[PDB]
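S.K.: The structure is given below, and queries will be raised subsequently.
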Amino acid sequence: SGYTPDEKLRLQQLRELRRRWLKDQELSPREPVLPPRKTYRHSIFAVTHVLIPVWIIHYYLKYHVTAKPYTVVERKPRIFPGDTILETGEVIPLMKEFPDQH
Amino acid sequence: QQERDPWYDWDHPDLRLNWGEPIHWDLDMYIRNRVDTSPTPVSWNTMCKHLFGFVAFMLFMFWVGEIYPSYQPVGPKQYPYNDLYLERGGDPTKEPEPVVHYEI
Amino acid sequence: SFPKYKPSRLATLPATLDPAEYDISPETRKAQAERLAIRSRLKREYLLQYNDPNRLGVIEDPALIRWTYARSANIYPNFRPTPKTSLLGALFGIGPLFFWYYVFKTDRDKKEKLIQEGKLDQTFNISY
Amino acid sequence: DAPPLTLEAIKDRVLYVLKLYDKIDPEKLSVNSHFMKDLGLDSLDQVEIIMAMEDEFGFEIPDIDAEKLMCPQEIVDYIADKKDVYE
Amino acid sequence: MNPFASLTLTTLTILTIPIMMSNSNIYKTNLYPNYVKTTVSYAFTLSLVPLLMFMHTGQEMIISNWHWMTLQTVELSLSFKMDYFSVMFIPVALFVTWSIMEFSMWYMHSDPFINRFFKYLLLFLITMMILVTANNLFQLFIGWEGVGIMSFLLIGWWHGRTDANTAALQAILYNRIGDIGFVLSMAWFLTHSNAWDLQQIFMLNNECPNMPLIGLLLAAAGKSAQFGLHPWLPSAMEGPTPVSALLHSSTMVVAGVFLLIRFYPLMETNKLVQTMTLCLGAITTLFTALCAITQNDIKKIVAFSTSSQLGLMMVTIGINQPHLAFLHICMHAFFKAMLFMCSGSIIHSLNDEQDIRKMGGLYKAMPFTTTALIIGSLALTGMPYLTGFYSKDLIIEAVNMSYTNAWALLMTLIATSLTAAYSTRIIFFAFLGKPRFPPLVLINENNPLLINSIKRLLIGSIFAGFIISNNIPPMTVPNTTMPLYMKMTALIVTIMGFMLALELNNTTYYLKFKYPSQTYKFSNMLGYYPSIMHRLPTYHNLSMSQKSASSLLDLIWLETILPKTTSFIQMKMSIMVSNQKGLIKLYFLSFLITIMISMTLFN
Amino acid sequence: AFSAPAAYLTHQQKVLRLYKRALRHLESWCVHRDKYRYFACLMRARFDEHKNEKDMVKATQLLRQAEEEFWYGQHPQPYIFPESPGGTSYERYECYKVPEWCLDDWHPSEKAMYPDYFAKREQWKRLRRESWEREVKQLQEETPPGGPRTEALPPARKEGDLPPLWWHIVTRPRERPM
Amino acid sequence: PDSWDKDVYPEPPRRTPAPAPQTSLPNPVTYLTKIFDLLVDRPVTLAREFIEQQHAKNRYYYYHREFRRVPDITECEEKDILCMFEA
Amino acid sequence: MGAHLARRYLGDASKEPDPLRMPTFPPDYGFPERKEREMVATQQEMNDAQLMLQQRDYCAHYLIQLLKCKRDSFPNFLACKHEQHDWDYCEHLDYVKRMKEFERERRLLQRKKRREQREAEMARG
Ligand SMILES: CCCCCCCCCCCCCCCCCC(=O)OC[C@H](COP(=O)([O-])OCC(O)COP(=O)([O-])OC[C@@H](COC(=O)CCCCCCCCCCCCCCCCC)OC(=O)CCCCCCCCCCCCCCCCC)OC(=O)CCCCCCCCCCCCCCCCC
Ligand SMILES: CCCCCCCCCCCCCCCCCC(=O)OC[C@H](COP(=O)([O-])OCC[N+](C)(C)C)OC(=O)CCCCCCCCCCCCCCCCC
Ligand SMILES: CCCCCCCC/C=C/CCCCCCCC(=O)OC[C@H](COP(=O)(O)OCCN)OC(=O)CCCCCCC/C=C/CCCCCCCC
Ligand SMILES: CCCCCCCC/C=C\CCCCCCCC(=O)OC[C@H](COP(=O)(O)OCCN)OC(=O)CCCCCCC/C=C/CCCCCCCC
Ligand SMILES: CCCCCCCC/C=C\CCCCCCCC(=O)O[C@H](COC(=O)CCCCCCC/C=C/CCCCCCCC)COP(=O)(O)OCCN
Ligand SMILES: *P(=O)(O)OCC(C)(C)[C@H](O)C(=O)NCCC(=O)NCCSC(=O)CCCCCCCCCCCCC
């Protein structure tokens with residue numbers, strides 16, 4: 001097929017109008033008229049965002065969560081032969097004499 | 001609407017509908033977010049046969065492999081103290097039947 | 001030469017493989033022209049309303065109104081209790097109820113019989 | 001991110017593709033050179049030219065609009081209108 | 001007290017902090033993405049600290065800080081389990097999220113809602129942390145649903161795309177089937193143990209039964225996109241590349257594997273559920289790899305690779321090796337996130353082009369991206385001393401030396417070969433050969449954000465498996481003795497896949513054209529599963545919803561029985577009663593009949 | 001999308017669309033450029049071999065057989081341009097497209113933030129409001145008594161007029177509105 | 001704090017092995033513990049000391065309500081609403 | 001994987017051993033004097049070390065030594081190579097003992113088959 005004269009003319013006129021519309025859609029140098037109304041950054045970020053939550057959480061855990069039984073339960077440390085129990089000053093003895101396997 | 005022509009200038013480009021034209025009784029089902037009836041490269045019967053054959057063959061071979069398992073030429077793993085009788089929760093009061101392991 | 005494509009309900013026949021797309025009669029061209037004329041008339045009406053500067057609101061769609069009315073408010077007046085409708089309604093409205101009743105009754109009877117015989121593991125079950 | 005297109009750049013690229021076509025004499029080729037009236041091509045050649053433009057500009061021209069682009073200027077206008085180029 | 005619980009909770013709290021700041025001018029300005037990235041990096045360090053604490057003495061703690069509510073004899077409280085899995089997965093997730101956030105700062109630069117994008121990413125990270133650190137089933141379910149709905153929101157980031165909307169809805173549907181399984185497991189556990197917490201569940205369930213373990217398995221399969229519920233993961237690539245890199249492949253799709261790892265005592269107790277897990281993982285990895293080897297969309301190829309790795313993890317769980325699965329989770333997170341970042345860099349450089357048939361010449365066009373992708377593909381296939389070696393090789397060795405399904409073992413080996421094959425396909429069609437992109441070359445990868453993020457995820461794809469495997473205690477007995485041909489089985493199949501894929505890719509340069517085969521059509525069409533299973537059940541359900549429930553029952557028969565029949569009867573009776581003609585003779589004769597009846601038939 | 005469709009596709013249009021589809025799917029199969037060029041030359045050789053055919057019935061039969069061959073031999077996953085329907089970037093920016101009628105619901109402070117733009121917007125609105133009667137008169141003058149037979153709109157005959165029904169076509173949102 | 005009954009909430013004695021290093025490398029866990037004690041534990045301890053000093057300024061007590069025993073439903077007569085309510 | 005699977009599934013399953021049921025013969029059958037295996041680590045020591053139940057085999061003392069070595073020299077994780085090798089060698093010896101048990105079961109089963117076939121031949125003639 002092809003463009004009939006009417007279609008071609010209408011397309012030309014619409015292209016002109018559309019290009020003018022876009023040119024109007026451009027902005028002016030003054031156009032945004034607002035109302036009249038780093039070690040330092042990382043330091044001020046590290047004190048608040050890190051130091052305040054850790055203080056709050058440590059205070060909450062040490063004096064409120066641990067004030068109730070069984071709230072904080074820690075798996076007991078592994079005791080190996082030939083060790084020293086620090087709580088009671090105890091000595092956990094060694095194992096037998098290993099038969100050499102080479 | 002998925003089957004409908006995408007390059008036409010519809011009045012509702014997302015729904016691919018025109019103003020005033022009759023609406024299919026099942027438009028709520030045939031939107032582009034739902035059931036699609038567009039033609040496929042492979043026939044529906046062929047696709048169904050291939051999928052069913054694949055899944056059935058996989059299930060049959062899984063059953064065959066279950067009744068013919070794979071292992072290694074080794075004996076059962078040996079554990080001490082009556083196969084760890086107390087460690088697995090055995091009753092301390094009762095005396096288990098002894099399990100003795102010998103060297104070889 | 002090549003394997004043929006077999007259309008289905010969810011795998012409908014493509015427009016390029018439709019046999020009627022290649023056997024065209026002069027009446028078919030007239031029908032196509034009539035369809036195009038109807039579409040053009042509807043498009044012209046819609047575009048006039050859509051480009052009217054004084055219009056402020058929603059262009060009411062009679063087709064949408066008819067669809068919504070037919071799907072909701074036009075069902076019962078056009079319903080006749082034919083044998084097909086009677087059987088389908090009875091099945092789809094009663095069969096599931098009796099099926100689930102039988103299933104749950106059997107399950108609960110088995111559980112109650114086990115409880116009465118005292119061979120059901122109810123230990124640690126203190127929340128019901 | 002990508003630099004915006006311009007009318008001159010679009011015209012240069014389409015004329016570049018047309019001059020790289022072997023069935024068009026570069027000396028007699030202009031933006032108003034009709035592919036069939038004064039360039040002596042046919043429907044298949046026009047389809048191939050449209051496909052070459054699609055490959056060049058990285059987008060597809062629908063067949064309803066591709067059958068009517070018989071001039072390099074028409075192709076430029078179509079591409080600019082689709083891409084919203086006004087300068 | 002102890003700096004363990006305090007620092008873990010502090011990491012969680014500092015993760016939650018920027019969400020509160022979203023109502024401020026910091027969120028209104030363009031510094032918000034950098035602020036969120038800095039917060040994530042600080043959280044990563046503060047989470048590295050408890051990881052160092054654990055690796056010394058193996059310290060594990062549970063914190064039950066806030067008591068929510070007591071349902072008679074069942075107490076629900078906010079409890080966190082800071083065990084090995086949590087303290088090992090938190091730093092990895094934070095590291096990956098930090099890299100992805102820098103990559104997104106580079107990538108989503110022109111998006112008008114980049115601040116909202118980063119807010120959604122942080123919310124997803126918070127929900128994932130809740131899921132990982134949850135100690136009870138209710139909190140685990142909270143995290144489960146949170147990550148599910150965040151995935152729904154982020155998949156459909158471009159609200160105007162119908163494909164994105166339907167992909168999000170499909171993901172929600174499959175995850176809701178998984179949630180059905182999860183709710184079944186929760187109900188069984190509460191009914192038969194009077195507890196929703198892992199401690200009492202493990203204490204009371206010495207022999208866990210098929211119903212709860214099948215519920216858990218169904219939930220895990222739904223979350224990790226196993227066979228039957230897989231297609232949502234490949235379709236979830238409609239979202240932005242940062243979403244695919246962070247959410248799905250790295251941290252979200254491992255939720256089901258993590259859930260199965262958390263109940264490894266019960267999994268050990270049962271056998272049938274272990275066999276089912278093994279079979280499901282094997283079929284999933286095989287099918288997903290087979291679909292991957294013939295895809296043309298790079299994001300889809302990487303998604304199917306992720307699905308295959310998830311299937312391998314499920315296989316590892318089915319052979320009673322929970323910790324190897326966790327190690328593979330970590331290593332896979334690393335190199336899969338790096339691969340997704342490299343694919344996104346390629347896509348962005350080529351003007352939103354996601355086709356390897358148009359990619360080409362990138363080996364010299366994009367040096368750093370090529371190097372990173374080569375290293376990631378080597379780690380993915382199990383290069384003998386990369387991150388993927390310390391997990392995949394051990395997994396294959398454990399599968400070989402086990403009393404497992406022979407078909408599952410064979411499918412695992414074939415899946416490894418196909419993994420090598422699709423890695424070869426990606427490399428060959430993306431970087432080797434001649435250019436196939438449009439003539440306007442806009443390739444530029446010299447952005448410091450992109451370079452630094454890929455570099456950080458690149459050092460972790462070489463020197464992380466070694467450190468992690470050398471810094472963890474032995475939780476399983478090693479397989480020291482095995483035949484030589486079984487010790488190098490993974491390498492042999494990987495090299496075979498490499499060679500066969502390279503040969504078939506080199507055959508594409510010949511001037512010979514042949515129509516595709518039935519096997520090729522089956523593999524490229526994703527096994528026909530999305531077509532049949534997304535057209536037939538949906539059509540039938542949406543048809544019965546209208547034909548039977550709405551029209552036949554509600555609009556016709558429920559109206560006919562009670563209100564319409566009664567109304568018709570009353571109307572007919574009213575007509576009969578009031579149809580009198582007002583004739584005194586007639587109703588006086590009626591009076592006479594009534595008089596006679598009353599006189600005679602009334603005693 | 002910019003052209004009004006016809007009532008039917010002629011034989012030339014059918015064969016040209018088939019030729020373009022076959023070339024695109026062949027390019028999808030033949031990834032490399034030299035191989036694609038070779039096989040595209042072969043395909044056009046076939047088309048030119050069948051180009052001269054006076055018998056329209058035989059031409060239609062050849063077209064039908066070619067369509068069957070194309071459907072059998074099509075690529076299951078053909079290449080699609082990212083912005084084309086079915087592409088990975090199709091409809092991506094539809095959520096960023098906001099119209100001028102939304103633009104005129106702004107607050108006076110927001111409008112004062114952009115003083116120069118809204119003067120031109122008011123000029124455009126006046127231009128639209130001063131032409132609607134001429135547009136509708138021209139449309140109703142040129143239509144047949146039965147009604148429109150096609151979706152093609154006439155251009156502006158007079159110098160001071162504008163092509164009827166131009167407002168939304170001209171003021172449609174940009175392809176990258178944000 | 002330990003404001004609960006050890007008999008009601010039993011806890012086995014805690015055996016912590018003594019640190020016996022076998023290498024010359026410093027302990028990052030120990031250094032980080034020292035840093036945590038210097039930066040967090042001491043400030044929170046000071047804050048808690050101030051707060052507890054403020055609490056001791058005005059000290060008041062609350063009691064546990066004791067309920068008397070009443071006859072139960074076994075001793076209650078039939079249709080005796082008051083006794084039934086108490087029971 | 002191996003030839004034993006082929007022998008059992010495509011041959012005489014009666015002569016091939018059953019992994020889930022072996023051992024079948026008495027441990028003293030054919031061994032005039034057999035020594036019971038010795039366990040070095042005690043139950044209390046394993047409980048204190050908190051070894052996993054799958055790790056509390058006869059090679060547990062080497063695992064305990066390895067854990068103690070790893071904990072003591074924490075920052076230098078490239079230290080307990082000797083302990084790791086000792087544990088691996090102990091596990092290797094356990095595995096070869098299991099292989100010896102399997103082979104003994106196999107050849108005892110085949111010897112029983114030969115004896116019963118000889119008895120059948122004697123009974124027949
Ligand atoms: C219901 C069935 C259920 C089955 C369940 C079980 C499934 C098992 C799967 C087995 C592996 C499948 C491999 C992929 C198949 C699809 C290939 C494909 O689509 O390629 C296109 C794709 C490229 O596509 P493209 O570039 O887009 O262009 C496509 C073409 O235009 C056009 O492409 P095309 O179509 O021209 O090219 C395909 C062509 C070429 O591809 C191949 O040949 C692929 C296979 C290579 C050889 C593998 C075996 C030889 C090596 C191992 C030998 C034994 C070793 C034993 C010892 C091991 C340990 C030492 O293949 C065929 O024509 C038939 C292949 C049949 C494979 C067998 C499984 C399916 C059978 C289905 C029945 C019907 C078959 C006939 C076809 C349909 C009817 C006409 O190919 C690739 O990307 C590479 C594919 C090959 C990768 C091989 C990787 C290694 C595989 C495993 C080796 C062994 C490892 C160790 C195992 C454990 C040992 C203990
Ligand atoms: C004693 C002085 C030493 C020289 C000066 C050192 C620097 C000055 C500061 C003192 C450091 C003391 C030693 C610490 C560890 C140093 C590295 C080391 O030894 O590595 C060993 C090991 C390396 O040893 P290796 O195993 O590689 O050694 C192998 C040796 N060969 C090959 C010869 C066999 O590395 C680690 O342990 C890694 C440590 C990672 C630390 C990550 C960062 C933590 C950030 C914390 C932030 C929060 C802090 C505040 C927390 C509280 C809340 C506010
Ligand atoms: C018991 C609960 C029900 C279990 C499942 C029963 C069947 C579920 C019925 C689904 C109802 C359908 C509602 C329709 C909602 C809208 C559907 C829709 O959006 O369209 C389909 C939609 C998207 O279409 P696309 O393929 O992406 O097309 C895009 C083209 N560009 O896809 C879907 O979401 C449909 C998916 C239905 C799931 C059916 C398959 C599930 C069956 C597998 C279960 C077995 C799991 C095996 C694991 C076992 C572990 C022990
Ligand atoms: C027992 C020994 C092993 C113990 C585990 C060791 C894990 C080591 C992990 C990395 C070491 C810690 C590095 C600390 C990085 C964080 C520092 C920081 O906050 O930022 C500083 C600095 C700059 O950040 P910007 O975003 O550019 O900000 C610019 C400001 N204008 O951060 C860096 O980029 C440092 C470069 C990092 C090098 C790459 C490290 C790769 C590590 C790979 C393995 C890490 C895996 C994570 C844990 C592994 C165990 C689960
Ligand atoms: C042996 C394996 C069975 C497996 C079952 C598979 C599903 C098949 C069962 C349901 C299918 C529909 C059957 C019922 C629907 C009626 C069919 C129908 O509509 O037929 C009517 C005419 O009515 C009949 O022909 C009746 C024949 C079937 C009667 C079946 C026996 C009646 C059952 C009485 C019980 C009804 C209540 C059941 C529920 C009670 C509570 C449990 C006209 O059909 P047309 O659509 O116009 O023509 C299409 C021609 N192919
Ligand atoms: P232009 O305007 O110059 O005019 C050219 C045309 C063709 C329109 C002629 O004017 C014309 O109509 N000629 C007579 C009609 C005619 O030629 N009919 C037959 C042509 S169709 C035909 O012959 C196609 C057969 C070969 C191509 C088959 C395609 C199959 C390959 C599919 C492959 C897909 C994956 C590789």
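Residues in the structure tokens are numbered from 1 in each chain, the chains being A, B, ... in the order shown, and ligands are numbered from 1 in the order shown.
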Could the residues that lie within 6 Å of ligand 2, counting only C-alpha atoms and all ligand atoms, be listed as an mmCIF file with C-alpha atoms, in the first residue's frame?

M.R.:
```cif
data_model
loop_
_atom_site.group_PDB
_atom_site.id
_atom_site.type_symbol
_atom_site.label_atom_id
_atom_site.label_comp_id
_atom_site.auth_asym_id
_atom_site.auth_seq_id
_atom_site.Cartn_x
_atom_site.Cartn_y
_atom_site.Cartn_z
ATOM 1 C CA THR E 45 30.042 -5.753 60.495
ATOM 2 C CA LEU E 46 28.020 -5.866 63.719
ATOM 3 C CA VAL E 49 31.220 -9.901 65.425
ATOM 4 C CA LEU G 25 47.973 -14.832 67.752
ATOM 5 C CA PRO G 26 45.828 -12.318 69.677
ATOM 6 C CA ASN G 27 42.189 -13.078 70.380
ATOM 7 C CA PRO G 28 39.803 -10.824 68.418
ATOM 8 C CA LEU G 32 36.029 -7.009 71.084
ATOM 9 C CA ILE G 35 35.757 -2.817 73.656
ATOM 10 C CA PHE G 36 32.142 -3.783 74.392
ATOM 11 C CA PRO H 75 42.563 -17.416 65.359
ATOM 12 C CA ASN H 76 44.896 -19.791 63.475
ATOM 13 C CA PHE H 77 42.368 -22.187 61.966
ATOM 14 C CA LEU H 78 45.126 -23.740 59.810
#
```

S.K.: Just the residues within 12 Å of residue 82 (chain G), please, counting only C-alpha atoms, with nothing from its chain fewer than 4 positions along; format it as an NGL selection string.

M.R.: :G and (70-73 or 76-78 or 86-87)

S.K.: Output C-alpha atoms for every residue in that selection, as a PDB file, in the first residue's frame.

M.R.:
```pdb
ATOM      1  CA  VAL G  70     -14.839 -21.984 100.507  1.00  0.00           C
ATOM      2  CA  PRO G  71     -16.976 -25.139 100.348  1.00  0.00           C
ATOM      3  CA  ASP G  72     -16.972 -26.753  96.923  1.00  0.00           C
ATOM      4  CA  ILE G  73     -19.588 -28.094  94.524  1.00  0.00           C
ATOM      5  CA  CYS G  76     -23.111 -27.568  97.611  1.00  0.00           C
ATOM      6  CA  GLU G  77     -26.749 -28.628  97.594  1.00  0.00           C
ATOM      7  CA  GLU G  78     -28.693 -28.857  94.354  1.00  0.00           C
ATOM      8  CA  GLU G  86     -18.776 -19.644  95.308  1.00  0.00           C
ATOM      9  CA  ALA G  87     -17.708 -23.166  94.328  1.00  0.00           C
TER      10      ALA G  87
END
```

S.K.: Based on only C-alpha atoms, which of the residues in chain H come within 9 Å of chain E? I want them as a compact mmCIF listing (two decimals) with C-alpha atoms, in the first residue's frame.

M.R.:
```txt
# COMPACT_ATOMS: atom_id res chain seq x y z
CA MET H 1 27.78 -47.91 42.71
CA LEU H 51 29.49 -35.02 70.32
CA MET H 52 26.58 -35.70 67.98
CA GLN H 54 26.37 -40.07 64.85
CA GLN H 55 29.85 -38.93 65.92
CA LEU H 63 37.38 -36.20 67.35
CA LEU H 67 37.85 -30.25 68.82
CA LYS H 70 40.60 -26.26 67.23
CA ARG H 71 39.10 -24.42 70.20
CA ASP H 72 42.46 -23.64 71.81
CA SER H 73 44.12 -22.26 68.65
CA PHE H 74 41.10 -20.30 67.44
CA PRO H 75 42.56 -17.42 65.36
CA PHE H 77 42.37 -22.19 61.97
CA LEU H 78 45.13 -23.74 59.81
CA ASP H 88 40.46 -39.30 59.18
CA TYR H 89 42.76 -42.32 59.50
CA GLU H 91 37.54 -43.34 60.30
CA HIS H 92 39.34 -45.02 57.39
CA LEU H 93 40.23 -47.99 59.60
CA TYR H 95 35.44 -48.21 57.13
CA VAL H 96 37.90 -50.92 56.09
```

S.K.: List all protein, DNA and RNA residues that have at least one atom no more than 6 Å from any atom of ligand 6, counting only C-alpha atoms and all ligand atoms, and write them as a VMD selection string.

M.R.: (chain D and resid 42 to 44) or (chain F and resid 12 15 22 25 to 26 46 to 47 50 to 53 59 62 to 63 66 69 to 70 73 to 74)

S.K.: Could you write out the selected residues, including C-alpha atoms, as a compact mmCIF listing (two decimals), in the first residue's frame?

M.R.:
```txt
# COMPACT_ATOMS: atom_id res chain seq x y z
CA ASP D 42 9.71 -4.09 -5.16
CA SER D 43 7.70 -5.29 -2.16
CA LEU D 44 10.25 -7.82 -0.91
CA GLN F 12 0.22 -9.23 -1.47
CA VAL F 15 2.55 -12.97 1.42
CA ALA F 22 9.66 -16.33 8.09
CA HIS F 25 12.00 -16.82 12.72
CA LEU F 26 14.89 -17.86 10.47
CA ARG F 46 12.19 -19.34 -2.94
CA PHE F 47 9.86 -16.33 -2.80
CA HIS F 50 7.23 -18.36 -6.81
CA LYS F 51 6.90 -14.61 -7.47
CA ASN F 52 5.56 -14.90 -11.04
CA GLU F 53 2.28 -16.84 -11.00
CA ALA F 59 -0.90 -18.82 -5.60
CA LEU F 62 1.10 -22.17 -2.34
CA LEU F 63 0.49 -19.55 0.35
CA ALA F 66 3.83 -22.11 3.06
CA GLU F 69 5.33 -25.15 6.72
CA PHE F 70 6.03 -21.99 8.73
CA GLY F 73 9.02 -25.04 11.47
CA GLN F 74 8.59 -21.92 13.61
```

S.K.: Find the nearest atom pair between each residue of chain E and chain B for residues within 8 Å, count only C-alpha atoms, give distances in Å to one decimal, sort rows by chain and ascending number, and present the table as a tab-separated table.

M.R.:
```
residue	atom	partner	partner_atom	distance
E:162	CA	B:33	CA	6.3
E:163	CA	B:33	CA	7.5
E:165	CA	B:33	CA	7.4
E:166	CA	B:33	CA	5.5
E:279	CA	B:62	CA	7.2
E:283	CA	B:58	CA	7.7
E:401	CA	B:72	CA	6.4
E:402	CA	B:71	CA	5.6
E:403	CA	B:71	CA	4.6
E:404	CA	B:70	CA	5.8
E:405	CA	B:65	CA	5.1
E:406	CA	B:65	CA	5.0
E:407	CA	B:65	CA	5.2
E:408	CA	B:62	CA	7.2
E:522	CA	B:50	CA	7.7
E:527	CA	B:51	CA	6.4
E:528	CA	B:47	CA	5.9
E:529	CA	B:51	CA	6.8
E:532	CA	B:48	CA	7.0
E:534	CA	B:35	CA	7.6
E:535	CA	B:35	CA	5.7
E:538	CA	B:35	CA	6.4
E:539	CA	B:35	CA	5.8
E:542	CA	B:29	CA	6.5
E:543	CA	B:29	CA	7.9
```

S.K.: Just need the residues of chain E within 8 Å of chain D, counting only C-alpha atoms, so spit them out as a ChimeraX atom specification.

M.R.: /E:110,438-439,442

S.K.: Could you save the residues just selected, with N, CA and C atoms, as a tab-separated table (two decimals), in the first residue's frame?

M.R.:
```tsv
chain	number	residue	atom	x	y	z
E	110	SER	N	17.57	5.84	37.05
E	110	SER	CA	16.53	6.63	36.39
E	110	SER	C	15.13	6.31	36.90
E	438	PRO	N	22.78	-4.07	18.26
E	438	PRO	CA	22.64	-2.96	17.30
E	438	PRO	C	23.92	-2.16	17.18
E	439	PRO	N	24.13	-1.50	16.04
E	439	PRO	CA	25.43	-0.84	15.79
E	439	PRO	C	25.80	0.23	16.80
E	442	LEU	N	26.78	1.33	23.15
E	442	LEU	CA	26.70	2.09	24.38
E	442	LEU	C	27.31	1.35	25.56
```

S.K.: At a cut-off of 7 Å around ligand 1, and using only C-alpha atoms and all ligand atoms, what residues come up? Please write them as a ChimeraX atom specification.

M.R.: /B:50,53-54,57-58 /E:290,293-294,410,413-414,417-418,421-422,425,492-493,496-497,500-501,504-505,508,514-520,523 /F:29

S.K.: What do you get as a PyMOL selection string if you pick all residues at most 7 Å from ligand 4, counting only C-alpha atoms and all ligand atoms?

M.R.: (chain A and resi 38) or (chain E and resi 38+41-42+45+48+52+88-89+91-92+95+456-457+459-460+463-464+467-468+471) or (chain H and resi 75+77)

S.K.: Interatomic distance between CA of residue 373 (chain E) and CA of residue 32 (chain F)?

M.R.: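 Computed distance, CA of residue 373 (chain E) to CA of residue 32 (chain F), equals 22.4 Å.
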
S.K.: Around ligand 5, which protein and nucleic acid residues have at least one atom no more than 6 Å from it, if we count only C-alpha atoms and all ligand atoms? List them as a ChimeraX atom specification.

M.R.: /C:83-84,87-88,90-91,94-95

S.K.: Please run DSSP on the backbone and report, as a PyMOL selection string, all residues within region 55-115 of chain C that come out as helix (DSSP H, G or I).

M.R.: chain C and resi 62-72+76-78+83-115

S.K.: May I have the residues within 12 Å of residue 101 (chain F) as a VMD selection string, using only C-alpha atoms and disregarding those fewer than 4 positions away in the same chain?

M.R.: (chain C and resid 53 55 to 57) or (chain F and resid 105 to 106 121 125 167 to 168 171 to 173)
